[PDB]
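A single chain comes next, written as structure tokens; it is the form deposited in one PDB entry.
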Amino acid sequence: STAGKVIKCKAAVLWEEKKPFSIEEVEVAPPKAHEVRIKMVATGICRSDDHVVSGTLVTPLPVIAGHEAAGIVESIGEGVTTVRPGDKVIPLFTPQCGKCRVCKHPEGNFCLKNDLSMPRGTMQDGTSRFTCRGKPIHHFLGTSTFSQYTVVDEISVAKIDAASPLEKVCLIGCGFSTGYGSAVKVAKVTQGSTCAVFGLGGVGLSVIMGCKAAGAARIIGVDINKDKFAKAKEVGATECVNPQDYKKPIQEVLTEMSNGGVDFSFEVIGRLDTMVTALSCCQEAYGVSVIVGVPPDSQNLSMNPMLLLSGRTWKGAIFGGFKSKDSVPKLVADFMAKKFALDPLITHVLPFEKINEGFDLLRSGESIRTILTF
């Protein structure tokens, strides 16, 4: 019905930094060869989309942000083989081309066709499928899910189970997969270990879930907002500490609580100072610390390399280290077999038109994940 045609629909356009999204009419072009046009069903509000608004995460403006979603294929361009009209899909903000040296490496997932490193805000071919007010509008990470319809390259979409609940499994598109994979795949948390998770939002709670699934014995949640503790204990934290309650630096407290430093520590906030604190609190000879938080653009941290020379391992990852198009359909399969839960991450559900209210809920500290429905 809309196949082959330009679609007029509503999208939340971000014209400038530090301004509310503008819900307006946009024009979405039909998919070109190897492209897929998706009707959005649900999308979650991740702190990284807020980072685009605050200027913490730099990408070309104006833009249609949103990267944690799920929808249904409206149409496909010529040559698409992996999805068909009517399929349920989750856009992949980290692509999986399958051909590059990273895609072919057993541990790499940061496909070289990404639009994260040197962001163009385009499709793979360097052009946009979005027009608003007569102007081209950038895409965001090959996804742009804050629109009733979006167009993505084939390497940036996965087909998922036909019966999945898209108002839940959109979290597999970012927050849950990132946290869970950061513990289970990137850190490789071991049975009986002690973990410290800095930041108890959606992604930090997912980290907790993966640490529990890996059989960690102690999982210490750290947050300056003590309203986050109850849910963190429900999904596995054995203790929670607020840095503001102590006179000494939290890395000291955590080192003492863990009788010399934790096995695995995770920075899931996005601050240079917690990145170093988190590295310091893991045991000096064999501790591992994983950076998951996105720090303010172009800013360097300062640290003493003696933290590493004693034996610590410091690493980071995007999307919990998962190869996105292989992993996402398996994650959905596992969710449908109830191998993990997504409901504890969802605190609020709102219609898409109330996106600004959804960002206010995140910014006030009140929500974990607001899911927006179209």
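Heads up, when I say rigid core I mean the largest set of C-alphas that superpose within 1.5 Å between the two forms. Residue positions are given as counts along the sequence shown, with the first one as 1.
Relative to one another, 125-133 and 245-253 have unequal mean CA B-factors, and 245-253 is the one with the higher figure. The PDB entry reports B-factors from which the mean C-alpha value can be compared for 269-277 and 229-237; the larger average falls on 229-237. Each of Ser147, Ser117, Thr178, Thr143 has a CA temperature factor in the record; the biggest one is found at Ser117. By the numbers in the PDB entry, the CA B factor is greatest at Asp161 among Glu284, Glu154, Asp263, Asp161. Residue-level temperature factors show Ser298 in the middle third of its chain, judged at the C-alpha atom. Split the chain's modelled residues into thirds by C-alpha temperature factor. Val36 is in the lowest one. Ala317: CA B factor lies in the lowest third for its chain, per the PDB record.
When all modelled residues of the chain are sorted by CA temperature factor, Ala214 is found within the highest third. The entry lists a Cα temperature factor for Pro30 that places it in the middle third of the chain's modelled residues.
Not pictured, yet referred to below: the form deposited in another entry.
Just one of the listed positions, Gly98, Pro296, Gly77, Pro85, moves its Cα by at least 2 Å between this form and the one not shown when the rigid core is held fixed, and it is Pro296. After superposition on the rigid core, the Cα of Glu107 moves by less than 2 Å between this form and the one not shown. The two forms, fitted on the rigid core, differ between this form and the one not shown by less than 2 Å at the CA of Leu166.
After superposition on the rigid core, the Cα of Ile250 moves by 2 Å or more between this form and the one not shown. Annotation: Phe264/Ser298 CA-CA distance shorter in the other form than in the displayed model, change of at least 3 Å.
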